[PDB]
Structures are given as C-alpha cells and as structure tokens.
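*Asks:* I have a structure here, written as structure tokens, and I will follow up with some questions on it.
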Amino acid sequence: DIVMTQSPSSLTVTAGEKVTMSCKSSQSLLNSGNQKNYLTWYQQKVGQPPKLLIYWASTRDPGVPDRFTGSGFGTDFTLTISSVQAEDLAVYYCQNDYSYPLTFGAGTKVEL
Amino acid sequence: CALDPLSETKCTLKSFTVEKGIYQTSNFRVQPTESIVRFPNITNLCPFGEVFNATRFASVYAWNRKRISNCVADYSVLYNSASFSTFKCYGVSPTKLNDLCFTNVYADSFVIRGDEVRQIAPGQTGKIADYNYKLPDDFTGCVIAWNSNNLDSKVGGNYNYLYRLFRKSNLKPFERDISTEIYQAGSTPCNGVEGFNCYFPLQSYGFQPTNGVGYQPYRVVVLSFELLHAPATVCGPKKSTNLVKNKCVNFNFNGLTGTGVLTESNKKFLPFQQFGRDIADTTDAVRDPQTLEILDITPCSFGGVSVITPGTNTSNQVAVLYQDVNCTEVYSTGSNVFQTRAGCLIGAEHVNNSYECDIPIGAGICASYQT
Amino acid sequence: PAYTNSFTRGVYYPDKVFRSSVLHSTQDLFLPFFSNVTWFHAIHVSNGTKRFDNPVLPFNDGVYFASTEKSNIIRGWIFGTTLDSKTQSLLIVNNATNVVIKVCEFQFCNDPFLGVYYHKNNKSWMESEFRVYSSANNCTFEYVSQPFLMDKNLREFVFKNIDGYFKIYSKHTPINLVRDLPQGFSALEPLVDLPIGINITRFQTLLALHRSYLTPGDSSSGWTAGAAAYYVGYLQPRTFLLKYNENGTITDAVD
Amino acid sequence: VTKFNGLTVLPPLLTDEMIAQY
Amino acid sequence: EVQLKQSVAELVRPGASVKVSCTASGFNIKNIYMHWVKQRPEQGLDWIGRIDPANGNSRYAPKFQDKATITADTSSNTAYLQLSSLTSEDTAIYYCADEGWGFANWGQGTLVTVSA
Ligand SMILES: *[C@@H]1O[C@H](CO)[C@@H](O)[C@H](O)[C@H]1NC(C)=O
Ligand SMILES: *[C@@H]1O[C@H](CO)[C@@H](O)[C@H](O)[C@H]1NC(C)=O
Ligand SMILES: *[C@@H]1O[C@H](CO)[C@@H](O)[C@H](O)[C@H]1NC(C)=O
Ligand SMILES: *[C@@H]1O[C@H](CO)[C@@H](O)[C@H](O)[C@H]1NC(C)=O
Ligand SMILES: *[C@@H]1O[C@H](CO)[C@@H](O)[C@H](O)[C@H]1NC(C)=O
Ligand SMILES: *[C@@H]1O[C@H](CO)[C@@H](O)[C@H](O)[C@H]1NC(C)=O
Ligand SMILES: *[C@@H]1O[C@H](CO)[C@@H](O)[C@H](O)[C@H]1NC(C)=O
Ligand SMILES: *[C@@H]1O[C@H](CO)[C@@H](O)[C@H](O)[C@H]1NC(C)=O
C-alpha cells in the first residue's frame with residue numbers, strides 16, 4: 001500500500017510548449033541489482049485503455065516516442081514533454097511495481 | 001470418548017465398566033512434517049552469457065542465428081544484470097521465463113544505434129528493420145537492448161558495424177539476407193559499377209563518444225521461443241530443497257512423490273541405477289540426485305493404540321501401548337515411558353522382578369496393577 | 001549370409017531400478033535365447049579387392065548388434081526410416097578424441113564412411129575427413145559423450161526405440177573365440193537413453209576406411225578390412241526372469 | 001526354517017527363548 | 001500482434017455473481033499470469049489483484065480482499081473473474097493485463113453496470 005499523488009493533476013499549455021508535471025512516489029522504490037526504478041508511466045485517452053508510455057522510469061516505448069525521458073532516484077519522477085500534440089492530449093498515470101501491493105496515481109489532464 | 005484413554009476404551013467397548021485387559025481403541029499415525037524436493041544439478045547451462053559477452057556482435061543485416069537446447073537456461077543472471085535498458089517481451093511474461101520452458105530457443109545478436117532500437121520490434125516498421133531484421137507480429141519472445149557506447153564507439157569513428165538500407169522488398173521475419181550486390185535503384189543497370197542511379201545498399205555507421213542519447217551504439221539481442229511435439233531438452237532451473245534425514249517428510253526425487261522418513265543406507269547402487277525396490281515392488285531406497293549416496297526410505301511409523309487398564313472396579317488408571325512405534329516421536333508422553341519390542345508403554349513403570357502374566361502385552365512383557 | 005546361436009547374450013537392464021537378491025520377472029523386448037543372429041561379413045579382402053556388404057537391415061522392434069573386431073573397423077551406425085533427405089535419420093559416428101551423435105535429414109550416399117589418413121612424421125592415424133552425409137538439414141540433435149568404441153574383445157550393443165527415446169545398451173568383454181559368441185552371460189548396462197522422436201524402420205552399420213582404402217585405385221591393397229564382422233539379432237516381445245545379486249547386477253536370466 | 005500399507009506383524013506373546021524354556 | 005479480447009459487458013443484478021472471461025491471441029495463458037484491473041469512472045484507476053494459470057494462489061488488493069475472486073483456466077486461452085456483492089460503486093470499466101514491466105496489453109473495455 002503506497003499512496004500515490006500526481007501534481008498538479010490539471011494544467012493548460014499552448015501547442016508545442018513544454019509541460020512540467022511530476023508525481024511524488026513514497027517508499028523510495030528501488031531494486032537490488034538493477035538500478036532502474038519500478039515505476040511505469042501510462043498514457044490513457046478517452047475511449048481506449050491506457051498504454052505504457054514509459055516503463056522502468058526510463059524506456060521509450062515504440063510509437064509516438066517524443067522524449068518522455070524521466071529522471072528520478074525513486075522518491076520523485078518526472079514526465080516532462082517538450083511539445084504536446086493531439087496524441088499527447090490525454091491523462092498520464094504513474095504506477096509503482098516494486099511493491100507487490102500496487103496503487104495507480106490520480107492522473108494529470110493536459111490539453112492543447 | 002475424547003476426554004481420556006479410559007473413556008475411549010469405554011466407548012469402544014460400549015460398556016461403562018471395562019474388564020482388566022488390553023483394548024485397542026484408536027490407531028496412531030505420524031503425519032509428514034514437511035515436503036522435500038530435490039532435482040539433479042544443472043550440469044548443462046545454456047551459453048547465453050557468452051553470447052551476451054561476445055566482443056564483436058553480428059551485423060544487423062547478418063544477424064547470427066543459434067539454436068540452443070539440451071541445457072538449462074538461467075534467466076536470473078539476466079534480471080540481476082543492470083546493463084540492460086530495454087527488456088521488452090512479446091507474447092511471454094519475463095517473470096515466467098524460468099518457470100515455463102520451450103522445446104527450442106533461437107537467439108539473434110546485432111548492434112544498432114540508440115534511436116533505431118525501437119524500430120526493431122514486432123508489428124513495427126523502420127528504415128532498418130525492413131531490410132536488416134524483421135520480427136513477426138504473432139512471435140513470442142523477448143527483446144534485450146543495452147547501451148554499448150564505450151565499446152562500440154571511438155573518437156575517430158567506428159565504421160566496423162554495417163547496416164542495410166536499400167532492397168527491393170522487405171526481409172521476411174526470421175530471414176537474413178547477406179547479399180552485398182549493388183542495388184539497382186535507378187532504371188539504368190548497375191552492372192557492378194557505382195553510378196548516379198546506383199548506390200551501395202550497405203552502409204557503415206559513424207560512431208563518436210559524444211553521440212548522446214539516441215545516437216550512441218546499442219547492443220540489442222532478440223531471443224525466440226517456440227514449441228514442438230518432440231520431447232523438450234531445454235528447461236529452466238528447478239527448485240531444490242535442503243536434505244533432511246530421520247524426519248517423516250514428503251519426498252519428490254524426480255517423480256517418486258512418496259511419503260516416508262529418509263535414513264542413510266549401506267546399500268550400493270549401480271552407477272546408472274537410481275530407484276530401489278523390494279520383493280513387493282515398493283520403493284525402498286532412492287539415490288540423492290545432488291550427491292551420490294543411498295537414502296533408505298522406510299515409511300512413516302504407524303500402529304494401533306491399545307489402552308492397558310485393570311478392571312474399573314479395581315481402579316481407574318490406564319497405560320497406553322503405541323504398537324511398533326519408537327516413541328522418540330509421538331496419556332501424554334513423558335510419564336513413565338518404557339520401551340519394549342511390541343511398542344512403548346506410557347504410564348507404566350518397568351520393574352525388574354518377574355511375576356506371572358496378568359495383562360499380555362507382547363514379546364514376553366506383561367502389565368499388572370501392583371504396588 | 002551366416003547364422004550363429006545367441007545362447008544367453010543380449011539381455012540388458014530393463015530399467016534403472018536397483019534390486020538385490022531378487023528374481024524379477026519382466027515382460028520386455030528381449031533377444032530370445034538360443035536364436036540365430038545373422039553373421040554378416042562386411043568386407044572380404046583378397047589384391048585388396050573390396051566386397052562391400054552393408055545392407056539396409058530392418059530395425060523391427062530392436063537390434064542386438066555385436067562385433068569382435070579389434071582393429072576398430074566397425075566405427076558407426078546409421079538409423080533412418082528411408083535413409084534420405086525426405087525423412088529424419090539418426091546418425092552415429094565414432095572418432096578418436098570424442099563421438100558425435102547427429103540426428104538430421106541426411107541424404108545418404110551409396111557407401112557412407114569415415115576417412116582416416118596417416119602422418120609419417122607424427123606416426124598417428126588421425127581422421128582425414130568425415131564423408132557420410134551429402135546433406136544436413138533440420139539438425140535438431142548434437143549429443144556428444146565419451147567414446148565407447150575404443151579398445152580380441154567382444155563388443156555388444158542393443159538399440160531400441162520407444163515413445164521417442166532411443167536407448168543404447170553396451171558391454172565390453174574379452175573373448176578368445178573369433179567366429180562365435182561366448183557361451184556365457186553378461187548383462188548389458190544402459191549407455192545413453194538419448195531423446196529422439198523420429199521413427200526408425202531400417203538399420204545400417206558404418207565401417208572405418210583408411211586413406212589406403214580411399215586411393216584412386218579400385219582395389220584397396222594398402223588397407224584390409226577382412227577382420228570386419230558384425231553380428232545382428234532382433235529383439236522380440238518376451239517374458240524373462242532376471243536374477244539380481246546383492247550388488248544389483250544381473251547374474252543370469254531365464255527365457 | 002527361513003510393508004506399511006496397513007500391514008503390521010504383531011510380535012508373538014511367547015518369545016522363542018520363552019518357548020524354549022517351556 | 002497480441003490482443004486481449006475480454007467478454008462483452010453484460011447486465012448484472014445486486015447480490016449475484018458475474019464471470020468475466022478474457023481471451024488472448026498469438027500465445028497461450030500458460031506463460032502469462034494476467035492481472036485484472038478496474039477503472040472507476042471520474043476516479044483514480046485501481047488494481048484488483050493477480051492470478052496464475054498453474055498454482056493460482058491469487059493475491060488481491062486489501063480493499064478487494066475476500067470480495068473479488070479470480071480464477072485462471074489452464075486451457076481454452078481464457079481466464080475468469082468473479083465478483084459478488086456488487087453495489088453502485090462497483091459500476092466501473094475493467095481491463096486485462098500482460099504482467100510486463102507495466103500492464104502491456106489491456107482488454108478492449110467491459111463496462112459492468114448493476115441496476116434493476
Ligand atoms: C556477460 O553478460 C551477462 C549478461 O547476462 C552479465 O551479467 C555478465 O556480467 C557479463 N560478463 C562480464 C564478464 O561482464
Ligand atoms: C551439485 O551442485 C552442488 C552445488 O554447486 C555441489 O556442491 C555438488 O558437489 C554437486 N554435485 C556433484 C555430484 O558434483
Ligand atoms: C473386580 O472384579 C474382578 C472380577 O470381577 C475381581 O477379581 C476383583 O477382585 C474385583 N476388585 C475388587 C477391588 O473388588
Ligand atoms: C529408537 O530411536 C533411538 C534414537 O536414537 C535409538 O537409539 C533406539 O535404538 C530406537 N529404538 C528402537 C526400538 O528402534
Ligand atoms: C533393573 O536392572 C537394571 C540393570 O541391571 C538397572 O539399570 C535398573 O536400575 C534396575 N531397575 C530396578 C527398578 O531395579
Ligand atoms: C538357425 O538357422 C539354422 C540354419 O542356418 C537352422 O537349422 C536352425 O533351426 C535355426 N534356429 C532357430 C532357433 O531358428
Ligand atoms: C572427433 O569428433 C568430435 C565430435 O564432435 C569432434 O569435435 C572432433 O573435432 C573430432 N576430431 C577429429 C580429429 O576428427
Ligand atoms: C559384487 O559383490 C561381491 C560380493 O557378492 C563383492 O565382493 C564385490 O565388491 C561387488 N562388486 C563388484 C564390482 O564385484
């Protein structure tokens with residue numbers, strides 16, 4: 001059981017302008033051997049289920065791979081996007097995976 | 001009936017007054033304490049590490065295909081290693097790689113730059129994947145990609161690695177094309193001579209130490225899984241528990257799946273022989289798969305519980321006989337426990353002087369009510 | 001062809017079970033007692049003229065192969081349903097340092113063989129090249145183990161195919177007789193139960209051939225293979241009563 | 001003169017030394 | 001590629017039991033211990049629990065413990081999710097998973113609603 005909160009959960013940007021969103025993760029998610037954090041990002045539109053945007057907290061999934069690189073040691077995570085497009089107009093979910101009881105984040109709404 | 005042994009005897013006889021003698025009320029039984037599983041050592045290890053530790057990987061167009069079997073595939077080292085950056089798996093869970101196994105495994109190794117790693121994926125097209133290495137959509141397997149900028153790049157420029165960019169048609173999945181012939185992009189025939197309408201389809205990449213994210217070289221390895229009706233020769237490691245002796249446990253020595261207590265044995269087996277059977281074709285001794293020793297398997301102790309009491313008119317006291325049970329393992333124990341051939345007596349005090357038999361117990365021992 | 005009586009030979013350990021002082025009766029594919037085993041003579045050498053006789057023997061239920069060659073002229077075996085590229089074929093070749101057991105869709109020539117040449121300075125008979133299959137397709141199996149066909153002494157093997165398991169049993173005992181199996185008992189210990197799911201219907205034996213044999217001349221005057229002689233028996237469904245000693249070995253049996 | 005499936009062999013009450021004493 | 005085609009949503013009644021089957025293509029369940037997840041509308045998505053084909057020993061979230069029982073079928077390329085004591089809050093969209101680093105492949109979306 002990890003309480004996961006996303007900030008600011010609502011923010012407006014102009015097309016092709018950088019976004020600054022981050023969800024703070026407690027319990028300091030870390031694993032022995034592999035230093036990659038077990039927090040995976042998600043991209044969910046209105047109509048279809050969410051899809052992996054970033055897993056291992058830094059891995060560009062195939063398809064519309066405009067950055068999404070995240071820098072974080074476990075206590076904090078970032079999913080800044082340089083330019084937002086139609087496919088970027090969605091809600092992003094950050095979810096923990098190291099702890100067996102996993103709870104998804106609230107989500108953040110971004111629109112052009 | 002469950003209050004005390006004399007009451008159990010009364011219930012068994014269905015009489016409130018029981019005569020002097022020995023009466024069998026219930027049956028003693030030793031339940032297994034735990035379960036022990038021992039499978040043989042992983043002698044044959046599939047050489048995936050040497051593929052991963054190869055100094056010079058195969059070219060992306062000429063990806064090396066190796067069929068590996070008759071060994072044990074250990075994916076724990078892959079999980080432990082932190083060098084891997086992209087460990088995307090299609091059609092199979094990465095966690096269940098050790099638990100579930102296939103008949104044959106095919107592995108492919110190649111080197112590609114950072115931004116083209118994502119192009120090598122099933123159901124995905126790219127400028128390199130179409131003409132160097134293609135993966136089918138329904139393919140089940142894992143893709144391993146890790147950064148190798150330091151090894152595969154230099155200040156001058158590492159042009160050793162080569163890729164294919166032009167071809168008439170995209171390569172079929174699991175099919176490698178190593179043709180170095182000049183490509184006829186233009187209508188004018190090349191005839192083996194470079195020209196305006198002819199460019200060499202194969203090109204050598206340019207690598208620098210300061211390429212940055214997306215342009216540094218990456219060593220990407222893709223492994224394949226498939227099942228065949230032939231018997232499987234390659235599988236993941238199996239769980240092995242520590243060996244326990246002189247304790248009633250459940251043993252699974254590669255399919256014995258029996259219950260019994262394991263003890264050291266002086267019997268000697270043939271080198272090829274594993275099992276052991278008595279006249280009645282029952283398992284008697286099994287060789288430990290890990291070590292080379294013979295563990296005689298006598299099963300759990302069991303017997304009848306007999307209550308030894310005088311007449312209820314005479315007195316109300318009982319002694320319990322656990323027949324053919326060595327009562328190092330078990331009225332509650334610890335009260336005048338005396339051991340004989342027929343069993344051991346709980347609640348009876350052994351005396352060296354001899355009288356005529358009163359309550360026959362067995363093997364010459366007789367109980368009696370006497371001061 | 002010639003015939004000889006297999007008095008008590010060919011009995012093998014039916015399973016990996018250990019039994020001590022137990023008369024165990026098992027119904028299994030066995031060589032019947034006092035049957036005929038066909039004494040095929042592989043090569044007759046006069047001149048050194050070659051007389052090749054390597055028939056495609058029917059595997060049937062099983063094969064009790066046996067040889068007394070001390071020069072290691074008999075070197076390998078061939079197993080396949082049709083012995084062509086169409087069907088998978090089991091192949092065994094034995095050589096000095098090691099062995100190879102390769103199961104592929106080999107296309108077999110008329111006379112597959114092993115070639116060995118002699119170095120005058122080294123004074124050793126190292127194998128020149130392997131010439132058995134023209135093609136090697138669908139090579140699923142590459143089992144390798146220590147050589148058994150290494151060093152007058154009778155050598156016996158049993159080959160049987162059940163549920164996709166190709167079982168090999170072996171035993172090596174010195175015998176004074178040259179043209180007759182000894183009138184004694186020797187249980188055949190399992191060698192390798194290598195897993196192969198292909199079907200085998202016909203059988204053949206490979207013969208080791210030297211450089212002098214492979215000379216352009218038709219007659220192999222340089223090397224002689226007259227000592228080659230391989231007995232063959234066929235296993236049949238039989239009931240046997242095996243006698244186990246306290247070590248667990250089979251001392252005697254009753255058909 | 002020369003199994004745990006529920007099979008037990010109860011020892012005779014009169015031992016062989018005791019029968020020999022008789 | 002690989003797709004998870006779960007059962008279409010069906011009407012349910014309070015106090016009853018509903019079984020939801022998720023089908024997969026391109027592979028078999030034997031190597032996939034799929035997760036189950038429900039998305040509460042206008043609320044943060046939450047995880048239900050985990051199952052396994054062989055030796056399922058399902059573990060669920062503490063909020064869904066002893067309430068959402070899920071079974072995995074060895075064959076037929078399907079897995080069944082069972083629910084009980086459905087209330088108005090239980091009206092939510094459910095999805096499948098491929099238990100990757102994240103839930104790789106999700107179901108098309110079944111919208112379970114309980115009413116009269
Ligand atoms: C070989 O590669 C493996 C990856 O599975 C890695 O764990 C290991 O450390 C490598 N060996 C060396 C000597 O670096
Ligand atoms: C089996 O593996 C263990 C652990 O490496 C080793 O101690 C043991 O000697 C091995 N068994 C044999 C027969 O070598
Ligand atoms: C109890 O009864 C038995 C036989 O009925 C008799 O031999 C014995 O003396 C009795 N005991 C007493 C204390 O009366
Ligand atoms: C009972 O077990 C103990 C354990 O040390 C042993 O010494 C004793 O001889 C055993 N007695 C019988 C009758 O088996
Ligand atoms: C019986 O005799 C044995 C050995 O002679 C001795 O150890 C034991 O203490 C004696 N018990 C009684 C009650 O006399
Ligand atoms: C073996 O063959 C000989 C002829 O070569 C024949 O006389 C004899 O009866 C045969 N024995 C058996 C057991 O078939
Ligand atoms: C002998 O056979 C083994 C089996 O693979 C092979 O590796 C080796 O090279 C062979 N040696 C010679 C001299 O033929
Ligand atoms: C076989 O048993 C005999 C006694 O029956 C014994 O002397 C010998 O060591 C055992 N082993 C072998 C290989 O003969």
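Ligands are numbered from 1 in the order shown, chains are lettered A, B, ... in the order of the structure tokens, and residues start at 1 in each chain.
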Residues of range 207-246 of chain B classed as strand (DSSP E or B) by DSSP on the backbone are to be reported as an mmCIF file with N, CA and C atoms, in the first residue's frame.

*Replies:*
```cif
data_model
loop_
_atom_site.group_PDB
_atom_site.id
_atom_site.type_symbol
_atom_site.label_atom_id
_atom_site.label_comp_id
_atom_site.auth_asym_id
_atom_site.auth_seq_id
_atom_site.Cartn_x
_atom_site.Cartn_y
_atom_site.Cartn_z
ATOM 1 N N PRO B 217 25.835 3.758 -29.896
ATOM 2 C CA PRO B 217 25.587 2.359 -30.264
ATOM 3 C C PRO B 217 24.928 1.587 -29.132
ATOM 4 N N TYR B 218 24.059 0.651 -29.510
ATOM 5 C CA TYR B 218 23.365 -0.212 -28.565
ATOM 6 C C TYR B 218 23.476 -1.654 -29.035
ATOM 7 N N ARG B 219 23.849 -2.548 -28.123
ATOM 8 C CA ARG B 219 23.892 -3.977 -28.410
ATOM 9 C C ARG B 219 22.524 -4.567 -28.084
ATOM 10 N N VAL B 220 21.798 -4.988 -29.115
ATOM 11 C CA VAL B 220 20.437 -5.489 -28.975
ATOM 12 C C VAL B 220 20.417 -6.961 -29.363
ATOM 13 N N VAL B 221 19.867 -7.794 -28.483
ATOM 14 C CA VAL B 221 19.766 -9.232 -28.702
ATOM 15 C C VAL B 221 18.302 -9.634 -28.584
ATOM 16 N N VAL B 222 17.815 -10.385 -29.570
ATOM 17 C CA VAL B 222 16.442 -10.873 -29.598
ATOM 18 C C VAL B 222 16.475 -12.394 -29.551
ATOM 19 N N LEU B 223 15.709 -12.972 -28.633
ATOM 20 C CA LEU B 223 15.628 -14.414 -28.461
ATOM 21 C C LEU B 223 14.228 -14.904 -28.811
ATOM 22 N N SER B 224 14.156 -16.134 -29.316
ATOM 23 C CA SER B 224 12.920 -16.700 -29.833
ATOM 24 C C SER B 224 12.495 -17.910 -29.013
ATOM 25 N N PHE B 225 11.181 -18.112 -28.929
ATOM 26 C CA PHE B 225 10.597 -19.262 -28.253
ATOM 27 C C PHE B 225 9.559 -19.911 -29.156
ATOM 28 N N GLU B 226 9.579 -21.240 -29.207
ATOM 29 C CA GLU B 226 8.590 -21.996 -29.962
ATOM 30 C C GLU B 226 8.515 -23.405 -29.394
ATOM 31 N N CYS B 235 15.189 -26.555 -20.443
ATOM 32 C CA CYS B 235 14.227 -26.007 -19.498
ATOM 33 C C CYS B 235 14.970 -25.246 -18.409
#
```

*Asks:* Would you mind listing what lies within 9 Å of residue 136 in chain C as a VMD selection string, with only C-alpha atoms counted and same-chain residues fewer than 6 positions away left out?

*Replies:* chain C and resid 85 103 to 107

*Asks:* Mind listing the residues within 8 Å of ligand 4, only C-alpha atoms and all ligand atoms counted, as JSON, numbers by chain?

*Replies:* {"B": [325, 326, 327, 328, 339, 340, 341, 343]}

*Asks:* Give me, as number ranges by chain, the set of residues whose atoms come within 10 Å of any atom of ligand 1, counting only C-alpha atoms and all ligand atoms.

*Replies:* B: 47-54, 74-84, 144, 146

*Asks:* Give me, as an mmCIF file with C-alpha atoms, in the first residue's frame, all polymer residues having an atom no more than 7 Å from residue 15 in chain D, counting only C-alpha atoms and skipping those fewer than 3 positions away in the same chain.

*Replies:*
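In the end it all went to part-v9.cif:
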```
data_model
loop_
_atom_site.group_PDB
_atom_site.id
_atom_site.type_symbol
_atom_site.label_atom_id
_atom_site.label_comp_id
_atom_site.auth_asym_id
_atom_site.auth_seq_id
_atom_site.Cartn_x
_atom_site.Cartn_y
_atom_site.Cartn_z
ATOM 1 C CA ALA B 363 7.249 -60.134 23.366
ATOM 2 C CA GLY B 364 7.093 -61.510 26.904
ATOM 3 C CA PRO D 12 4.183 -63.298 19.492
ATOM 4 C CA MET D 18 10.462 -68.365 26.494
ATOM 5 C CA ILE D 19 9.034 -71.177 24.354
#
```
